[PDB]
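Chain and residue survey
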Amino acid sequence: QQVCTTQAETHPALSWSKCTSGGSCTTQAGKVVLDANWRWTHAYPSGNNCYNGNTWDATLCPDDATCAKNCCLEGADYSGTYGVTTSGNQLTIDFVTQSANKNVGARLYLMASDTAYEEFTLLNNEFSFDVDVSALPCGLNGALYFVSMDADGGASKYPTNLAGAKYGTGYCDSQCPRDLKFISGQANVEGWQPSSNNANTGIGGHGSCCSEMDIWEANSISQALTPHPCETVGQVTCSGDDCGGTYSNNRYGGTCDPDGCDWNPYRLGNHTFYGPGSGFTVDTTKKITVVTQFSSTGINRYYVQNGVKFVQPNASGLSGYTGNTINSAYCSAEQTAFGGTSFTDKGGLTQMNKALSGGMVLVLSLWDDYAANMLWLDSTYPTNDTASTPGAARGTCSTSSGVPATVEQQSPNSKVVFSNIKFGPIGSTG
Ligand SMILES: *[C@@H]1O[C@H](CO)[C@@H](O)[C@H](O)[C@H]1NC(C)=O
Ligand SMILES: OC[C@H]1O[C@@H](S)[C@H](O)[C@@H](O)[C@@H]1O
Ligand SMILES: OC[C@H]1O[C@@H](S)[C@H](O)[C@@H](O)[C@@H]1O
Ligand code: NI
Ligand code: NI
């Protein structure tokens, strides 16, 4: 896509800490940028909208390449339109923001400069952050995660992307998302189908695949930590059902693992570890520090709340695994007990570790779930299963919860606050 400037693009500042062996940390002057899908797109250098509602303009966008030549991305009013504000090392993402239109959530990337995403190499290192999930009810997901995106949003590989990282281009994840309007310097117009249940979104003929490490997908009720390997580490474009994922007739027909080797303490039999109030080890009405440590043998997790360190609880009642670590043993035992082969089919932890040994971009987001109402995270899922089915119970939310239209009307002032990001070698951030 091109760049237009009727709305200025200024990346909100966000400080974070880089820590080194010894425990010394220094402040880093980062910024955040909104993902390109959220932007107004119109004719370059001016003219009609190229996309409006959930349909493309056929005149401006008769095919994928022409559309990218004729259409530009605009700047974003971060607070007024998208409900994104920063203060020092704190980032707030509001749920429903009404200005011209109703906007629901946002996806942001941490920047090293105004034209480059920050790239984190996770293996042998740890990532720590503080979060307030107190205003995240059933059906919402405040997510912090890593994806194997290009630092420049694809600009050097795809010269028809003139917007680059400055405008939040180049997203990919292990779902191989097809809802993206621009992928690899081309629009996603050919075969585009508008969503049945969402006036603002649709599903294109292409998706955008890459490795994904979901550090944190959570609300006040449940949380999950999930590696997703892909057969190619970095970004590749997929077509239709061969993207796999939720919007494809064969979930497992692609090159990425859309399921992941997920660790949700509730799903693994600990019903008192994480929840609202003093009945829970980690009280979701109060700030939580979440620390995640990556090594070749596995991923480890601890939490700090009110100065108290709590290690990840042991898996409880999971046949053949009594640890608290995402390692090859756990991932295999999970597949055996709960079903499925996707994670190991796509190379498992060995293949994930290849992405963890290269740069990944930090994503901070808030969303609700049109496909499955976040029931996979915080309720009983699938709907045909019940709490006696192995792996079915993931949280205490009602199976009727999380319908986007309902949560948007009932809980519009929901929000997530991420803060005090720290990164460095294992043992260095605490
Ligand atoms: C849940 O985790 C807590 C905190 O680690 C632990 O004390 C408790 O024993 C765990 N519950 C079960 C059923 O294992
Ligand atoms: O799609 C057009 C629409 O996009 C949104 S994102 C803009 O904020 C608005 O001004 C414009 O009319
Ligand atoms: O797509 C929804 C949800 O599906 C589950 S299977 C994945 O583990 C998670 O990362 C993703 O956000
Ligand atoms: Ni194609
Ligand atoms: Ni119980």
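Structure: see above.
A short tour of the structure in this document, coming up. (Residues numbered from 1 in each chain as written, not as in the entry; some residues may be left out. Chains lettered and ligands numbered in written order. Heavy atoms only, no water. Residues with missing side-chain atoms left out of burial classes, pairs and counts.)

1. Digging into the overall build of the protein
Counting secondary structure elements, the protein contains 6 helices and 31 strands. Against the compact-globule benchmark of 22 Å for 430 residues, the protein has a radius of gyration of 20 Å, which places it among compact chains. In the protein, 71% of the contacts between residues at least 6 apart in sequence involve partners at least 24 apart. (Helix = DSSP H or I, 4+ residues; strand = E, 2+ residues; numbered from the N terminus. Rg over C-alpha atoms; globule rule 2.2 N^0.38 Å. Contact = heavy atoms within 4.5 Å.)

2. Observations regarding the site of ligand 1
Ligand 1 sits among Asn270, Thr281, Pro313 and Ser316. The contact in question runs from an oxygen atom of ligand 1 to an N or O atom on the side chain of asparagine 270, over 2.4 Å. Within the complex, the protein chains bury 47% of what would otherwise be the 370 Å² of accessible surface of ligand 1. Split into classes, the residues belonging to the shell around ligand 1 amount to 1 nonpolar, 3 polar and no charged. (Near = heavy atom within 4 Å. Polar contact = N/O pair within 3.5 Å; in protein donor to acceptor, adjacent residues only side chain to side chain. Areas by Shrake-Rupley, 256 points an atom, 1.4 Å probe, with all protein chains shown as cover. Nonpolar A, V, L, I, M, F, W, Y, C, P; charged D, E, K, R; others polar.)

3. Things to note about the nonpolar core
Counting 79 residues, the largest nonpolar core has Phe127, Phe129, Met213, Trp216 and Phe418 as the members making the most contacts within it. Grouped together as the second largest cluster of nonpolar side chains are 16 residues, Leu73, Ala163, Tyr167 and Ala187 included. (Core = buried A, V, L, I, M, F, W, Y, C linked by side-chain atoms within 4.5 Å. Buried < 20%, exposed > 50% of the residue type's maximum accessible area, 1.4 Å probe, protein only.)

4. Some words on the pattern of salt bridges
Per the stated rule, a full pass over the model turns up 8 salt bridges. Here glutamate 9 ties to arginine 39 by a salt bridge, and the two come within 2.9 Å at their closest N and O atoms. Residue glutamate 9 is found in the loop between β1 (2-3) and β2 (13-19), and its partner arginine 39 is found in the loop between β3 (25-34) and β4 (41-43); the two are separated by 30 residues along the sequence. Side by side, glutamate 9 and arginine 39 carry an identical accessibility label, which is buried. (Salt bridge = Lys/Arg side-chain N within 4 Å of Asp/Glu carboxyl O.)

5. Here we look at the sheet that holds β4
With mixed pairing, 3 strands are arranged side by side in an open sheet as β1-β7-β4. Either end of the sheet is taken by a strand with one partner, and the two such strands are β1 and β4. Note that β4 and strand β7 (residues 71-73) share 3 bridges and pair antiparallel. Bridged to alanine 43 within β7 is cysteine 71. (Pairing = 2+ DSSP bridges.)

6. A closer look at the state of the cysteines
Tallied over the full model, the rule gives 10 disulfides. A sulfur-sulfur distance of 2.0 Å marks the disulfide that ties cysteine 61 to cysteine 67. Taking the sign of the S-S torsion, about 60 degrees here, the bridge from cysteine 61 to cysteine 67 comes out right-handed. As far as burial versus exposure is concerned, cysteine 61 and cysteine 67 are alike and both buried. (Disulfide = S-S within 2.5 Å.)

7. Let's talk about helix α4 (residues 348-356)
The α-helix advances 3.6 residues per turn, and as a result positions three or four apart in sequence lie on the same side. Taking burial as the measure, the 9 residues of α4 include 7 buried ones, the bulk of the element. What α4 keeps buried is the set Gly348, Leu349, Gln351, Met352, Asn353, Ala355 and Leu356.

8. Remarks on the side chain of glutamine 2
Tracing the chain through its elements places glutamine 2 in strand β1. Those residues in contact with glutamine 2 that lie beyond four places of it in its chain are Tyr44, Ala68, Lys69, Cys71, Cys72, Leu73, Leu162 and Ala163.

9. So, the site of ligand 3
Neighbouring ligand 3 are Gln175, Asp214, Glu217, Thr226, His228, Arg251, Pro258, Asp259, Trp367 and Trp376. The contact in question runs from an oxygen atom of ligand 3 to an N or O atom on the side chain of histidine 228, over 3.0 Å. Within the backbone of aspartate 259, an N or O atom sits 2.7 Å from an oxygen atom of ligand 3. Sorting the residues of the shell around ligand 3 by element identifies β22 (212-218) and β23 (223-228) as the ones contributing at least two each. Considering only residue class, the shell around ligand 3 consists of 3 nonpolar, 3 polar and 4 charged.

10. Observations regarding the environment of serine 401
Its location among the elements puts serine 401 in the loop between α5 (375-378) and α6 (404-410). With 264 residues separating them along the chain, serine 401 and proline 137 place their C-alpha atoms 9.6 Å apart. Beyond its immediate stretch of four places on either side in the chain, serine 401 contacts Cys138, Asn373, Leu375 and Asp378.

11. Quick look at the packing of aromatic side chains
Aromatic ring pairs: the centre-centre distance and the angle between the two ring planes describe each pair. This model, assessed by the stated rule, comprises 20 aromatic pairs. Ring geometry for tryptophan 216 and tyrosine 274: centres 6.0 Å apart, planes at 75 degrees, overall edge-to-face. Of this pair, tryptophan 216 sits in strand β22 while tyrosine 274 is found in strand β25 (residues 274-275), placing the two residues 58 residues apart along the sequence. Among the residues examined, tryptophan 216 registers a relative accessible area of 0% and is labelled buried. Geometrically, the ring pair formed by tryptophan 263 and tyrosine 330 is tilted, given 4.5 Å between the ring centres and 45 degrees between the ring planes. You can see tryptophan 263 sitting in the loop between β24 (236-239) and β25 and its partner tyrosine 330 sitting in helix α2 (residues 328-338), a full 67 residues away along the chain. (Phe/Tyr/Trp six-rings, centres within 6.5 Å; stacked < 30°, edge-to-face > 60°.)

12. Structural notes on the pairing of strand β29 (residues 308-311)
Of the strand pairs in this sheet, strand β28 (residues 298-305) and β29 are connected by 4 bridges, and their pairing is antiparallel. Considered in β29, the bridge of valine 304 is made with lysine 309. The turn linking β28 back onto β29 is made up of 2 residues, and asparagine 306 within it adopts a positive phi angle of 50 degrees.

13. Looking at the side chain of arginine 107
Relative to the helices and strands, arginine 107 resides in strand β12 (residues 106-113). Taking the relative accessible area as the measure of exposure, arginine 107 reaches 10% and is therefore buried. In this structure the side chain of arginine 107 is engaged in a polar contact, spanning 2.9 Å, whose partner is the side chain of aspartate 35. At 2.9 Å, the side chain of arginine 107 forms a polar contact with the side chain of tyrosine 109. Setting aside its immediate chain neighbours within four residues, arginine 107 contacts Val33, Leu34, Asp35, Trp38, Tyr145, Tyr171, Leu180, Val363, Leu364 and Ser365.

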